[PDB]
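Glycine also receives a Cβ, built like all others from the backbone with ideal geometry; neighbour counts cover every protein chain displayed. Values quoted throughout were computed directly from the atomic coordinates according to the rules given, and no laboratory measurement underlies them.
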2 protein chains.
Amino acid sequence: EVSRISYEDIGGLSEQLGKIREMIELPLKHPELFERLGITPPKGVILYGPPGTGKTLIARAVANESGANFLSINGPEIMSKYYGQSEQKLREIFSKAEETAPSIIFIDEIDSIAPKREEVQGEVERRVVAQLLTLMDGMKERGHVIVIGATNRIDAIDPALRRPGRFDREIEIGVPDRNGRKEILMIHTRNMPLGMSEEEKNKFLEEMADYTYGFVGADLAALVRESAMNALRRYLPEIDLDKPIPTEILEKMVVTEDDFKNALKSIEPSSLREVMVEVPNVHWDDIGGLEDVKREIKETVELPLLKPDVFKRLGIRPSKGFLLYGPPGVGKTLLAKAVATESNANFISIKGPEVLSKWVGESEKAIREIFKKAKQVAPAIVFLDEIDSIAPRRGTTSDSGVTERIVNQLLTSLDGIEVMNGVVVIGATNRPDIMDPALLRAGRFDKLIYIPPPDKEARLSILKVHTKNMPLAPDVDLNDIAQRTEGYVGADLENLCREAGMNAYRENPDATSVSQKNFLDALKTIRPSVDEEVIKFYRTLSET
Amino acid sequence: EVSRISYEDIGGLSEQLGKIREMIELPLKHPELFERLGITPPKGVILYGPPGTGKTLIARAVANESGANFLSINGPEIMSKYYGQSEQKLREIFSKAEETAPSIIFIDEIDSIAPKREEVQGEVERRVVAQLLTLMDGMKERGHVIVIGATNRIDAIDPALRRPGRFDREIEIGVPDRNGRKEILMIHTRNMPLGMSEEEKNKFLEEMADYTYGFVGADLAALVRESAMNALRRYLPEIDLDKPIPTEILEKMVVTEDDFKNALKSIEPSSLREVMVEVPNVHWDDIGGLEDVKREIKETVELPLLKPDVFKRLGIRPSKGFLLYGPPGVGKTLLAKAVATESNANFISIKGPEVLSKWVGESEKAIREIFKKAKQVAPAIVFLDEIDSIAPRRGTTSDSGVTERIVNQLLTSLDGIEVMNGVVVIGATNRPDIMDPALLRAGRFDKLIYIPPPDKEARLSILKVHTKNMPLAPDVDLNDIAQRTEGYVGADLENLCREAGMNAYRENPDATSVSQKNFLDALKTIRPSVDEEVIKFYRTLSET
Ligand SMILES: Nc1ncnc2c1ncn2[C@@H]1O[C@H](COP(=O)(O)OP(=O)(O)OP(=O)(O)O)[C@@H](O)[C@H]1O
Ligand SMILES: Nc1ncnc2c1ncn2[C@@H]1O[C@H](COP(=O)(O)OP(=O)(O)OP(=O)(O)O)[C@@H](O)[C@H]1O
Ligand SMILES: Nc1ncnc2c1ncn2[C@@H]1O[C@H](COP(=O)(O)OP(=O)(O)OP(=O)(O)O)[C@@H](O)[C@H]1O
Ligand SMILES: Nc1ncnc2c1ncn2[C@@H]1O[C@H](COP(=O)(O)OP(=O)(O)OP(=O)(O)O)[C@@H](O)[C@H]1O
């Protein structure tokens, strides 16, 4: 096969891939670079990534990069052969490296040499562990030998291998970026046939990933397979005549971009349970009213990250974040995404149901992992929704998960975040009081920004922005409903415009421009979720 | 390699290193010192330290210290070789020592000979255990043989090895001191090239560690590696032309001190979860008002530790400590650090969220470990913040962690501390009543010092101290806001001066001197967190 694993295969790993390649090649082409400054390159390296992220693929490309002799050793077969000859085999590879040195010691998907740090007492497991530690020991500075590895679990590997002088440098490659997803799906398109250069399809492939925040590379490379198999069904019967494929019609059946759109289903993506990063596309234009908060909230979040220097000339402490509180449906979930979306900085999404929900929850650490993933990805703004559920007051809930896993965990995490650090915490919840008052302590959350319900005058703006996609009638006027009622939120009016469609649809089977009457009947169909009684609740709850 | 492991490599271990060296060398150069007085030096010794603290390194230096024949035996490879030949190998080393005696029996990172005290029943594990106990047994008084070892877990080693006559003396080296951190980072600078003697950089290196309380030595030695790798990236492309390094530009690329500042990130320090020691730099000048409390609190803490003798001439019992209670934001967290910071005595920091939070919390022992780390490090003052969370009243919380791990544990710990002992307990919490009244029993906490909210007259001082770093306007006067409102704490005014910057920034894009109006608009932006209603709460809560 003239075509072999090369860089162009990998995609979206450019920063990580670049660093790994640089370490190997700079050390590999010649030691003189590291030989002169700093220690020789660390022999062992661990590539920690979610499964099916391409780690296995990375090593081959690395091997082709400097031309060093390729070797690949796998945990599944490391101990494959019968016990007592396993150890001999492990030693043999190390012996093998010097002959072709400079060479690359290559093994992947290794849970076998270190099945568990302290849990497994098996001798076959133990013997290999020992030899490995020693081979690491048997490795010498002169040798152009590089050791590599990947694993599903970061800490699943032995802790001891962690001390430096063995596995000193580790780089973990995560899910590919939205633009990175294209590279993966783009390359496989080469074999994939579309009939034309189809830069639009390329642009189509661009959006193909955008249909979801992202997935694992492996599954993505499998997604393209779905289209082939699936799309092949339509043209498959015509060939049932005989076994040999007719040359009359040969490769004139091409997978249509719609095939993928039909292929995305049934492929059961989202095999990754790891913390994810997502950037929403919402824009302030989608935000009606609230000119004051947006203008101030923006300068609050944007200033520290975008203009840190000008913020230091004053000297006041930078903000660790702020919390949002108001009537349900004021758009908290929508606002945060806006500021986060507007800012280039990476975004992170946290859900109160999901935090208990996302993992076993036996350990609420996921949250402690959030900042770690957030800190590394900084500058970024972390978002926590329904922080109350996540951090209910301590007395109310008799559970380990509520207090032990998170509320206690939460105070510690906030201190860790730093102003220089590009991390920022934006909370939103229905009832501020429900959450532990401990979070309102000075320095944990600087200010509490209340979101007032949409004003009738603001209603005039809130309505157009949402119905812009909706076809409207020439006679129907939006401001009418605004002047009618002062009690409706944005969330209720959300469904309000929603129900209007049903009303307009109910009269006429085929869709037509909505009518003012279509709002009135629906206007009384859903009453305001916010009365003058609750407004006082927050007005008083604004102090605590 | 002419350069080999020597004392100068180690740093910050001077007391511990000195003691170990003395034990080996005094015994090693000649027995006559110990031979005449006291028993011969204990053959076995265990060096207990957090991982990556340099323990491994210590043995080599010790070996070079008296010139005794070096031998190093490691747990990873102790049992490395196939079972049934492992035991023979262990015996062989002991046999080996006499030939070159005086010699040093040297093995490190040993969990293998004693994988677990009672948990592991493996024969290979057991056989070695037995031989080890016996070799300890086979060791004889005449022999100039010294046995050493390190482990992550102190009690992880077998309990039996603990009885004297085997492993009698143990010294554990912890995290290096702030000044000690310099030694580590300083020595590696030798290979590290800066272009000049750069005593400033040395002073720069001085502060390099001060950016954080501290870390593990190993990681620190790795930190310098980050700069090399990271800093090498800027000058790395220019060499892409060919593999051989051009002699035209040779070592004219030097790591800049800013590189480290850029290197500190991404290095994921703080791999140590052990109890830590930190000394804050706060000074009373940073403390506005409260002339009475500081003057009295100082004489309360300082007197016993600094002037114990003059305190004994009276004869009254010394103080085990005292508790602080007052409105949130009165500066409790700030005051304690001040007195602790002012005093040379080492400081310890305890957080209520963190204590549940810091470890699994299944065992609240960490706290019992606190004093142990505190007692050994005395004279020092232990600090517990939000003692309520840590020690809520027993009836309110239905949890094992709250009562079993700590409140019950707490009473026992206090008795252990002694007046001669330089340990002192300074508590602070929002609500004294919330904590178990059991802590107010006589002798546990002598007095309860209430911190009154900042007085308007004191406000005049509180404001300047905080804004000293802030550029101010010639017309703007500080006392104005003081005479306006009697209800603001220090913590709220904290943000108050904070929000002022935003106000001043909001008008003018580039930062300029603040204006009186900038305070007024913000003055009403945040109302006092303490009204005349809460003051009565503490006024009455002052009795219990
Ligand atoms: N960024 C990427 N670039 C190219 N291929 C990728 C990428 N990520 C995943 N893959 C795909 O993964 C498949 C090979 O298996 P994979 O890469 O999953 O092994 P690995 O990720 O190294 O180890 P594991 O399979 O255990 O995760 C290839 O078909 C390859 O196209
Ligand atoms: N300023 C606004 N501009 C446009 N739409 C808004 C605005 N505020 C709220 N909405 C509407 O509210 C709907 C959902 O908001 P949501 O209820 O998620 O906010 P929230 O109630 O603060 O968050 P949560 O529901 O998680 O408590 C959106 O569909 C949006 O149309
Ligand atoms: N105080 C110190 N002085 C000099 N080097 C140190 C110190 N603390 C840690 N190190 C570094 O540790 C590295 C060697 O490994 P290390 O010292 O961590 O082994 P160990 O601490 O004896 O055992 P473990 O690695 O299991 O903790 C060396 O690069 C050394 O510079
Ligand atoms: N005497 C003082 N001088 C200067 N600043 C003070 C003083 N008292 C309080 N402060 C201000 O209070 C802020 C934080 O104090 P903090 O709220 O931590 O004290 P506390 O409320 O007693 O402790 P905790 O918040 O843990 O209950 C500091 O930034 C400081 O500026």
Exercise for review: Would you mind calculating the relative contact order of the stretch A:253-395 from Cα pairs under 8 angstrom and at least 6 residues apart, reporting the percent as a whole number?
Suggested key: 29
Check your understanding: Quick one: in chain A, whose Cβ comes closest to the A/B rotation axis, and how close in angstrom?
Key -> A:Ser398, 6
Practice item. At q = 0.08, 0.11, 0.15 Å⁻¹, what is the base-10 log of I(q)/I(0) for the stretch A:58-204 according to the Debye formula with one equal point scatterer per Cα and no solvent? Please give it to two decimals. Key: -0.32, -0.55, -0.85
Check your understanding: Based on the inverse mean of 1/r over its pairs of different Cα atoms, what is the Kirkwood hydrodynamic radius of the stretch B:284-450, in Å?
Key -> 16.2
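How big, on average over all directions, is the shadow cast by the Cα convex hull of the stretch B:1-139, in nm²? All intermediate terms of the calculation are to be shown ahead of the outcome.
Details: hull surface 40.3 nm².
Seen from a random direction, the Cα hull of the stretch B:1-139 projects 10.1 nm² on average.
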Review point. At a Förster distance of 35 Å, what's the computed FRET efficiency of B:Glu291 paired with B:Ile154, Cβ-Cβ distance as r, to 0.05?
Key: 0.15
Revision key, fill the gap. Reduced to Cα centres, the span from the stretch B:139-180 to the stretch A:290-334 in Å works out to 54
**Study point:** Using distinct alpha-carbon pairs, which all enter the 1/r mean, Kirkwood radius of the stretch B:280-366 in Å
**Key:** 15.1
Point to revise | Range of Cα positions in chain B per principal axis (Å), largest first | key: 87, 73, 47
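Given a Förster distance of 41 angstrom, what is the FRET efficiency for B:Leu26 paired with B:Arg313, based on the Cβ-Cβ distance and rounded to 0.05?
Values: r = 40 Å, r/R0 = 0.98.
Once the sixth-power term is evaluated, E becomes 0.55.
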Point to revise | Other protein chain Cβ atoms within 10 Å, averaged over every residue that makes up B:76-83 | key: 6
Review point. Which shape class applies to the stretch A:395-497: rounded if a/c is under 1.5, otherwise prolate when a/b exceeds b/c and oblate if not, where a ≥ b ≥ c are the square roots of the Cα gyration tensor eigenvalues?
Key: prolate
**Study point:** Inter-probe distance in nm under a simple model that places probes 7 Å from Cα toward Cβ, at B:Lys298 and A:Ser6
**Key:** 7.5
**Study point:** Listed pairs A:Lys298/B:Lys265; B:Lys182/B:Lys261; B:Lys456/B:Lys536; A:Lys89/B:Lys116; B:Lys464/B:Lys517; A:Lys19/A:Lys43 exceeding 20 Å between Cα atoms
**Key:** A:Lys298/B:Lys265; A:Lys89/B:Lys116
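With the Cα gyration tensor of the protein assembly as shown giving a ≥ b ≥ c as the square roots of its eigenvalues, does the rule (a/c under 1.5 for rounded; else a/b larger than b/c for prolate; else oblate) give rounded, prolate or oblate? Don't skip to the end; give the middle numbers.
On the way: a/c = 1.95, a/b = 1.12, b/c = 1.74.
Since a/c reaches 1.5 but b/c is at least a/b, the shape of the protein assembly as shown is classed as oblate.
On a full-extension model of 0.36 nm per residue, what is the gain between A:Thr100 and A:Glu274, subtracting their alpha-carbon distance, rounded to one decimal in nm? All intermediate terms of the calculation are to be shown ahead of the outcome.
On the way: separation 174, 0.36 × 174 = 62.64 nm, distance 3.93 nm.
Value of the extension gain: 58.7 nm.
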Practice item. Mind checking the stretch A:384-485 for trypsin sites (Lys or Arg not before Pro) that DSSP puts in a loop (not H, G, I, E or B) and that have at most 11 other Cβ atoms within 10 Å? Key: A:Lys468
Study note, to complete from the structure: The alpha-carbon pair-distance distribution computed for the stretch A:178-264, with 5 angstrom bins and whole-percent values, is 3, 13, 25, 23, 16, 10, 6, 4, 1
Review point. Could you work out the helix-only [θ] at 222 nm for chain B, with each DSSP H run of four or more residues adding -39,500 (n - 2.57) and the total divided by the number of residues, to the nearest 500 deg cm²/dmol?
Key: -13000 deg cm²/dmol
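How high is the relative contact order of chain A, in percent, with contacts defined as C-alpha pairs under 8 Å that are six or more residues apart? Walk me through the numbers on the way to the answer.
Values: 796 pairs, mean separation 64.9, N = 544.
It rounds to 12 percent for chain A.
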Exercise for review: Select from the stretch B:474-544 those GluC sites (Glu not before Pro) which occupy a DSSP coil region and have at most 15 other Cβ atoms within 10 Å, ordered by residue number.
Suggested key: B:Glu543
**Study point:** Amide H within-cut-off set for B:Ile171, under 5 Å, with H built and near neighbours excluded
**Key:** B:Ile46, B:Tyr48
Review point. Ranked highest first by the average count of other Cβ atoms within 10 Å around their residues, in what order do B:13-22, A:88-97 fall?
Key: B:13-22, A:88-97
Exercise for review: In nm, give the distance between the simple-model label positions of A:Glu457 and A:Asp415, each being 7 Å from the Cα along the Cα-to-Cβ direction.
Suggested key: 4.6
Practice item. Mind jotting down the distance between the C-alpha centroids of the stretch B:1-63 and the stretch B:69-137, whole Å? Key: 20
Revision key, fill the gap. With Rg from the Cα atoms and Rh as the Kirkwood inverse mean 1/r over Cα pairs, the stretch A:243-299 has an Rg/Rh of 1.36
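Can you give the percent of C-alpha pairs in the stretch B:456-532 whose distance is more than 19 Å?
On the way: 814 of 2926 pairs.
Considering the stretch B:456-532, 28 percent of its Cα-Cα pairs are separated by more than 19 Å.
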Check your understanding: What is the distance, in nm, between label points placed 7 Å from the Cα along the Cα-to-Cβ direction at B:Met196 and at B:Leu472?
Key -> 3.8
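In the stretch A:99-202, which trypsin sites (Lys or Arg not before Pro) are in a loop and have at most 11 other Cβ atoms within 10 Å, using DSSP for the loop call? List each step's numbers first, then the result.
Values: sites: A:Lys116, A:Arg117, A:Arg126, A:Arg127, A:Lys140, A:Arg142, A:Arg153, A:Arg162, A:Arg166, A:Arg169, A:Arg178, A:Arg181, A:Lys182, A:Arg190, A:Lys201; in loops: A:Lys116, A:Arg117, A:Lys140, A:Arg142, A:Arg153, A:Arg166, A:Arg190.
Here the trypsin sites (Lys or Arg not before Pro) that fit, given the DSSP loop and packing criteria, are A:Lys140, A:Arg142, A:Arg153, A:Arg190.
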Check your understanding: How many partner chain Cβ atoms sit within 10 Å of a residue's Cβ in peptide A:31-38, on average, as a whole number?
Key -> 6
Exercise for review: Along Cα-to-Cβ, 7 Å out, sits the label point; list in nm, shortest first, how far the one on A:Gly122 is from those in the other copies.
Suggested key: 1.2
Review point. Roughly how many whole Å is it from the C-alpha centroid of the stretch A:497-527 to that of the stretch B:244-263?
Key: 70
Review point. Could you give me the ³J(HN,Hα) list for the stretch B:492-509, computed from phi with Karplus coefficients 6.51, -1.76, 1.60 and θ = phi - 60°, whole Hz, x at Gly and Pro?
Key: 5, 4, 3, 4, 4, 4, 4, 4, 3, x, 4, 4, 4, 5, 4, 5, 9, x
Exercise for review: Could you pull out which residues in the stretch A:1-35 have an amide N less than 13 Å from a spot 7 Å beyond the Cα of A:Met186, following the Cα-Cβ vector?
Suggested key: A:8-14
Study note, to complete from the structure: Quick calc, A:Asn64 & A:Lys261: beta-carbon distance into FRET formula, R0 30 Å, rounding 0.05, result 0.25
**Study point:** Nm distances between copies for A:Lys517, ranked from closest, using label points 7 Å along Cα→Cβ
**Key:** 5.6
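Full extension from B:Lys372 to B:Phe34: what is 0.36 nm times the residue separation minus their Cα-Cα distance, to one decimal in nm?
Numbers: separation 338, 0.36 × 338 = 121.68 nm, distance 2.96 nm.
Stretched fully, the B:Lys372-B:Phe34 segment lengthens by 118.7 nm.
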Review point. Label-to-label distances across copies for B:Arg441, with labels 7 Å out along Cα→Cβ, in nm, shortest first?
Key: 2.7
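Given the convex hull over the Cα atoms of the stretch B:1-60, what projected area results after averaging over all orientations, in nm²?
Numbers: hull surface 21.2 nm².
Mean orientational projected area (the stretch B:1-60, Cα hull): 5.3 nm².
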Point to revise | Shielding by partners - mean other protein chain Cβ count within 10 Å, residues of B:497-504 | key: 4
